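1. opening piece of the complex, as it sits:
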Amino acid sequence: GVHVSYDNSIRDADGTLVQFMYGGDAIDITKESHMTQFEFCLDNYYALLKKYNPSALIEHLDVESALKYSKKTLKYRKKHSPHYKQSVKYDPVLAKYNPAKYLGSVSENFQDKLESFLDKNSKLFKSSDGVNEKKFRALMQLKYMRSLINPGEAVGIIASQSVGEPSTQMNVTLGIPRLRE
Amino acid sequence: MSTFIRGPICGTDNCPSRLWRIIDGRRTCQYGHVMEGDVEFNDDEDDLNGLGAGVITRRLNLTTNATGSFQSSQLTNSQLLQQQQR
Amino acid sequence: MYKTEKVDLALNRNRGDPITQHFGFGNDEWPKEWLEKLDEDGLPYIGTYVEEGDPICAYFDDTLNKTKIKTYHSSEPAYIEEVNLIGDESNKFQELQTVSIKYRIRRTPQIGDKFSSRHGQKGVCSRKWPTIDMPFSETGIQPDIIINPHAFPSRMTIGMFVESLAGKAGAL
Amino acid sequence: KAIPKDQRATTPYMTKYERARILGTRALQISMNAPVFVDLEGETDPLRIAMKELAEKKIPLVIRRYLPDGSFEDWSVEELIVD
Amino acid sequence: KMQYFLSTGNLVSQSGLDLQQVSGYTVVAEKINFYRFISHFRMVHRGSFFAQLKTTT
Amino acid sequence: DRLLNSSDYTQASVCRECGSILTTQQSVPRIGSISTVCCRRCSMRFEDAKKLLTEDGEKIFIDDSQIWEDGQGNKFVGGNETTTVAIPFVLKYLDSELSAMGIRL
Amino acid sequence: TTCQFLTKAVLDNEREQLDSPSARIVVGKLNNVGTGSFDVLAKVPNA
Amino acid sequence: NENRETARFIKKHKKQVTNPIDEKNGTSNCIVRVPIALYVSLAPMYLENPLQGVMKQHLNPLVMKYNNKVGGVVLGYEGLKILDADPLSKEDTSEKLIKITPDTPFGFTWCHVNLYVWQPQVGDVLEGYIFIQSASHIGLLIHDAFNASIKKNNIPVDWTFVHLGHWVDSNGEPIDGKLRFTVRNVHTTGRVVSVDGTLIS
Amino acid sequence: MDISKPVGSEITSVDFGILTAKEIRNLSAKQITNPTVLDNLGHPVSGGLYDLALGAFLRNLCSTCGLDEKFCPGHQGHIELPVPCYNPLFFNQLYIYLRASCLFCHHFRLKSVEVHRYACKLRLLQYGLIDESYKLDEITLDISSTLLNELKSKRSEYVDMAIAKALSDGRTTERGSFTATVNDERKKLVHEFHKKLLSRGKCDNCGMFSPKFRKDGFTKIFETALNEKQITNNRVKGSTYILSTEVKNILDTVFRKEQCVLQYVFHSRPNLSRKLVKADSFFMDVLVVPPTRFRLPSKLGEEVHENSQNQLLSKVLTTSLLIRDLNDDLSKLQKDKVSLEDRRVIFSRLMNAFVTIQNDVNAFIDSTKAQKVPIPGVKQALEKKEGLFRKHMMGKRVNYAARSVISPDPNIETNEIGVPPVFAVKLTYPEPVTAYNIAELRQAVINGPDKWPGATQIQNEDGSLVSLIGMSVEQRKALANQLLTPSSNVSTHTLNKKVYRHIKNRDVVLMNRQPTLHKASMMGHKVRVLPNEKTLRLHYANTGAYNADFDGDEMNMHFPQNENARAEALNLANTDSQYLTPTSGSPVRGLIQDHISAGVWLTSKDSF
């Protein structure tokens, strides 16, 4: 019964809500593998730009609202970069805008790693021919939007198989007795 | 002669012949066309633990699924057998 | 592969009574093409090729006034190897009510049939490779069977390697 | 239940589930003598025909995205970003 | 009665013969291969009841 | 498509007024009367019919037992798996019931 | 414990809203997951 | 309580109207126009003529035919309206939307149409041109559409035979042309509707 | 299924609920009274388990529909039980409610106002108003009847306020409010409620000392003696076996006098139907008769074994006939029975016979409730280990499916499956004919069922089926030139003919291999007919997704019969879309063994 509602919330076929987002990022595992392989994407930048060309879609969405929240949240994050001293004035960007509609609504973990890549690779951005961290960041945001879990995904079942199937290959109780317990 | 029909005839074309396609599970028109029944019953799977005392048993007084549309028979009185043996 | 069949007439219990069905015919109206398979006594000619649908025996039941036959139902043909008439354990049984028919089904090596060495390294035959396409030795031969080497590293059937080299020596 | 179009808040993109169902149903209709709005260009498989119609947005279908509340957003093929 | 028991392997008696089970005692010689035939008479069974045990000791 | 369309898919009668798919039956026709779908539960025995306090003319349909009925003419056909019908056998024996809803009843 | 859940259901006079995919299968219904997560309609000319 | 069941009989078996004699000199207005809502299937092949699709499919076979629901033979239809599956329009649009079943290319829709139905009732006095005269009935045809017959037993013995011969009326002259009768019954269960007439009331 | 036969009356939900004997009698096609099964040594006994009114049989038309065994859907009969049986399924329930009552007043031993408080809570939980359900306990103020009734007034007022508000707030609806948490709070409430009902060891409304109730286990309840201190205390306040009938009249009177609470006690949602809560729900005054269709005999090869239900039900008919014989003693005895005290044996017939009939009805429901390997009853048929639900509902056999040992093949695509011509000629698609496919389908028909891209059958738009299995080249040639004829009947004018074509190189097929451990083990492949094959041919690249190996592994090949299933199997389940698993996103599809060693050798800098 457990599936993705069209609102990105995971509801059961009953309607009971389980999570407000899938894994908290709305990312499909069958997409993620390179979603965090930035340098690879960069050396093959022009190909990915040919796949995910945004000019076709820049007419269907907003490229700022999420980016603006990114600005206020970047403010609180630079100010608050101890855990219980949470961003209570700023939920994560995924809380405030549908990540499939406003490019830039992305996990703060993903955003952080992406920026840290852009800073630690500014020198590749000083070795390129025609690429910038604003157009590259734009590409990675668009890849992120294009990696989102589709409405209606059978993620409950998928989860169950992803725990069962590998458990056939299987001081304290381990393995199947632990999982059954 | 006897007649055909003591079960089914094709009410479509007036062709009173019947085919059995055991591979199809289908009773069909020997000469013409169509489905004489979609339903096909009794060719069980791999599950007859035989708990069934199945006391019934055929004895030719409850007829039979008629699985032969081929027929001719005759009127009978009821088990020639004794008259046959006589 | 041999399959044995028992054609029983134990149709009626009560330990006997009536018993009336006799292998043979009565109405003549039966398809005389049944003679193409069953001898005029109602039993198939030993040696006969049978394909799905052919009659395996023919008999007559007075109750139905009809000459009936027991058909053979299989996906593939066989040949009748022996037909044995059983009167045994009987007190009278003059009607010849039990007949045993043994079918011979040939099983040619075919794609998917399983083969194994004495080393528990079992495999199906994937294809019947043309001999010209086989690899040929400088001795002028092309192998009988080709087994993939990639099987040995997990199984460690090195006894099979030794059997190869011993059978080669032992033939030479 | 009718969420007004001006108010539609869902993904501009067609999910693979949407694309699959649309192509199946529309193919089936074309196969039942729905009027073809594109050159058959030789094809005989109704499914590839429906694919041609999808590439041209000739499909005259609309997706009803359900919300567990029961509110829904009626989306045309001709708007939902095919890919 | 002994053909019965020998045809099913459901040996039943008012003493249970001091055996933990009432089936499985008899097997078809299965002459499909001479190896199979000779192997039946060198087969020894711990008994079905231990087939029912969940452990492996 | 697999577990239904290719297995036991059956279009079965259900009474839109009684919410069951097993009271439905074919009513008996006559030389001037066709076979009409009737719901046994949604019909009254012609021996009663308020007859003590009380006809349209064409709402009585007859059983193979030649029994007159009033009503029962509100049943329809819906696609379900036949095992479903198998359930009313046991469950309905158990003195329970399915109220199989449909449209505007 | 099919019959035990059956008993607790009947005694409740429960109504199945037939949302569970298993339940939906029981009645031969388009499964609500995935491609059955939505409905399709057609735009048709009125003249 | 024991009155729910009698409310169920009366409230389920209620009758809408009693068509009266027009001017009390015509015929009963058993012809009536009633707007209904039907739920019909739409094939894909009429997907480019949906009002015509619904027409050719369901409405065309209904004319000149008895409907149990309306209680008569559909005399004609008026004002077909397909109910849009989705709110907001200007009570009108260049395209409608309709639900497709969740399995097949066939469509299902709500429809609203006015029906012209001939809703006769028992007791209405009507006149007809004599169709036939057999020694057990007189055949007539109402409006050149509805077959009606008055069997001998329901005719007054004061009627007179002249030898399928030729009946002579109770007044002492043979009947001819049109006949005035009261509706005893209408027989619709068969391939053609039959109106049961009486000459004794 | 046929695409040509839509329906538009789909079920939207399923209600559960108890039958009623009057409902059964009105719907019942017959009363079965005769424990006989067959007649004239060979005929369906009149009014027995195999009466022809219960459907069609052996050429005899269903006596209720006059339809052949191939058409009559069958009709369910009924048995008029001599006495009201206990419903096994609710027997624990009627037991609880029996122990909870007062036998001298016939009320519940819980304070009437406290009960009304419980009804209030369960009413608020039909609408799922939990916060108010807990807030209800706070309403508080020798205690006058006016004051306890004042609590009932204020509580009913609280119901009126919380409901009227919640319907105003749209936080519920006339149909109630239902969520997992509301159901949970209901079951918890009903449980503690059962604890309060059982807690009272003497009456409260009447203060009377009820006897202790004992039971046999599944057929009898006994009434224990009381203590002279409690008996004389009850008078100053002024174990025996009892029949089911007395239980029925008692529980009837209690359940009617306590209808006001039980109305919300017996529903987890608002009882819009104003359904009376009757005690006759736990008892079986009558027994139905299943359709003959589902009671057919067990014929194994030739031998036909009696249906086990017929056997247990016939046991009901015999035992019931014995009870008819005791009633023969009452009509017989009749004449006062002054001192003909022997009726002590007829009294053994009533007690023993009657417990026997109950035991046998129970046995017909549940084998584990009767008294070697007794035919299973409906409970055993439906569960037992997995049950009817699991073995014939959650999974079924399916048509248009094949199974064969898979054999490798590197020359096919990695997205294809080699179908052996044995299967290529026996798997068909019901192809509707168009203007664009007329040539191809006319040719396929011309070939006939016994060749490549042909078609075995033709289904007319009129509904008729035409098999080509045995038609001659002449007749199939003639039909090929008739495939495109126009409409004939306004009933059929919208359809087009169908052709059951063999599977061909444009069809997708859903391959499945044993332990489907994960969704990736069942993918859609584009069919590739292989000549001179006999086994399902598969590319190596898939074997790490199926976990398959040519040692002898067998695979199921499913052929979907519908364009929706093609489009899904070509778009969602297809192999290419399954290049990654969701567990980890590790690629599951790649070359294997030998191809790896070839890559190592070919790709060496030494290879020119």
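-> Noted; the coordinates are in hand. Numbering: from 1, shown residues only, chains lettered A, B, ... in the order given.
2. what strand or helix carries the residue of chain F found nearest chain C?
-> Of chain F, the residue with the smallest distance to chain C, taken as Cβ to the nearest Cβ, is residue F:6 at 22.4 Å. Any C-beta I mention is one placed from the backbone N, CA and C, and that applies to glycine too. For residue F:6, there is no enclosing helix or strand under DSSP states H and E.
3. how much space between it and chain B?
-> Going from residue F:6 to chain B by Cβ to the nearest Cβ, to the nearest Å gives 13 Å.
4. residues of chain A that sit close to chain I?
-> Residues of chain A found near chain I (Cβ under 8 Å from any Cβ of the partner chain) are A:14-16, A:28-33, A:157-158, A:161-162, A:164-166, A:168.
5. helices - which of these land there?
-> Per DSSP state H, helices hold the following members of the residues of chain A next to chain I: A:29, A:30, A:31, A:32, A:33, A:157, A:158, A:161, A:162, A:164.
6. could you dump the residues you listed into a markdown table and include neighbour count and distance to residue I:67?
-> Compiled in a markdown table, those are given as follows (neighbours: other Cβ atoms under 10 Å in any protein chain shown; distance: Cβ to Cβ, whole Å):
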| residue | neighbour count | distance to residue I:67 |
| --- | --- | --- |
| A:29 | 20 | 55 |
| A:30 | 16 | 54 |
| A:31 | 16 | 57 |
| A:32 | 18 | 60 |
| A:33 | 14 | 62 |
| A:157 | 18 | 43 |
| A:158 | 21 | 48 |
| A:161 | 20 | 47 |
| A:162 | 18 | 52 |
| A:164 | 13 | 48 |
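7. coming back round to it: residues contacting the residue of chain F closest to chain C?
-> I:1, I:398, I:399, I:400, I:401, I:560, I:561 (Cβ atoms under 8 Å, 6 or more residues apart in numbering or on different chains).
8. ok, residue H:29 to residue D:29 distance?
-> 45 Å (Cβ to Cβ, to the nearest Å).
9. and chain J, same structure:
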Amino acid sequence: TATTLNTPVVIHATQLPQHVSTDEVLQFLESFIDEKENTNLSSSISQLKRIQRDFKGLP
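-> Placing chain J onto the earlier chains gives this:
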């Protein structure tokens, strides 16, 4: 016309019928028949035309 593809699943009236005048009846007849004249239903329309003649005065 025996199944969904031909016969309506459900029919309900939303008001009590309205007693079309002879003049309204005749105007409907002429408009309906005229619109239809522009297939065995045509033959039933011919009977409707006779009804038209019968509601027009003369057979």
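10. correct me, but residue E:48 touches residue E:21?
-> Yes. Taking contacts as Cβ atoms under 8 Å, residue E:48 lies within contact range of residue E:21: 5.1 Å.
11. what's the burial count for the residue of chain D found nearest chain C?
-> Relative to chain C, the nearest point of chain D is residue D:45 (30.6 Å; Cβ to the nearest Cβ). The local packing of residue D:45 (other Cβ atoms under 10 Å in any protein chain shown) involves 17 other residues.
12. surely it and residue I:506 touch.
-> Yes. The criterion here is Cβ under 8 Å, and residue D:45 meets it with residue I:506 at 5.5 Å.
13. any idea how far residue I:20 is from the residue sitting nearest the centre point of chain C?
-> Per Cα atoms, centre = their mean, the C-alpha nearest to the average position across chain C is that of residue C:105, at 2.5 Å. Distance, residue C:105 to residue I:20, using Cβ to Cβ: 61 Å.
14. ok, residue E:49 next?
-> The gap separating residue E:49 from residue I:20 is 50 Å, by Cβ to Cβ.
15. what's the answer for residue I:52, then?
-> Residue I:52 sits 27 Å away from residue I:20, going by Cβ to Cβ.
16. ok, those two, which is more surrounded?
-> residue I:52 (21 against 17).
17. what's the distance between that one and chain F?
-> Using Cβ to the nearest Cβ, residue I:52 is found at 8 Å from chain F.
18. ok, now residue I:494?
-> Taking Cβ to the nearest Cβ, one finds residue I:494 at 18 Å from chain F.
19. next, the residue lying closest to that residue once chain neighbours are set aside: phi, psi?
-> Nearest non-adjacent residue to residue I:494, counting by Cβ to Cβ, 6 or more residues apart in numbering or on different chains: residue H:43, 4.1 Å away. When quoted as degrees, to the nearest 10, the phi and psi of residue H:43 stand at phi -70, psi 160.
20. list the contacts for residue H:43?
-> D:32, H:53, H:57, H:105, H:106, H:107, I:494, J:5.
21. RNA strand K should join the structure above:
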RNA sequence: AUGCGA
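-> Putting RNA strand K onto the chains we already have gives this:
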């Protein structure tokens, strides 16, 4: 159910 292919 017992034995067995996968």
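22. same as before for the contacts of residue F:6, with RNA strand K this time.
-> I:1, I:398, I:399, I:400, I:401, I:560, I:561.
23. surely the residue nearest to the centre of chain C is in contact with residue C:76?
-> Yes. When contacts are counted by Cβ under 8 Å, residue C:105 is listed as touching residue C:76 (6.5 Å).
24. what about the residue of chain G found nearest chain F, neighbour count?
-> Closest residue of chain G to chain F, Cβ to the nearest Cβ: residue G:28 (4.4 Å). When counting by other Cβ under 10 Å, one arrives at 24 neighbours for residue G:28.
25. of the contacts of residue F:6, grab the buried ones for ChimeraX.
-> Buried residues among those (16 or more other Cβ atoms under 10 Å in any protein chain shown), as a ChimeraX selection:
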select /I:1,398,400,401,560,561
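26. which one of the contacts of residue F:6 is nearest to residue I:529?
-> Residue I:529 lies nearest to residue I:400 out of these, by Cβ to Cβ, at 16.3 Å.
27. ok, now which ones touch the closest one?
-> F:6, I:427, I:428, I:558, I:559, I:560, I:561.
28. how about stretch I:90-100 against chain G, any contact?
-> Yes. Applying Cβ under 8 Å from any Cβ, one finds stretch I:90-100 touching chain G at I:90, I:93.
29. does the most centrally placed residue in chain E count as helix, strand or coil?
-> Centroid-nearest residue in chain E: residue E:25, 2.5 Å away (criterion: Cα atoms, centre = their mean). When classified by DSSP: H, G, I helix; E, B strand; the rest coil, residue E:25 comes out as coil.
30. just to revisit the earlier point, which members of the contacts of residue I:400 occur in strands, if any?
-> I:428, I:558 (DSSP state E).
31. including distance to residue C:7, could the contacts of residue I:400 go into CSV?
-> Below are these laid out as CSV (distance: Cβ to Cβ, whole Å):
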residue, distance to residue C:7
F:6, 37
I:427, 35
I:428, 36
I:558, 38
I:559, 38
I:560, 42
I:561, 40
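32. of all pairs in the contacts of residue I:400, which one is the farthest apart?
-> Every pair of the contacts of residue I:400 checked by Cβ to Cβ; the farthest is I:428 and I:558, at 13.7 Å.
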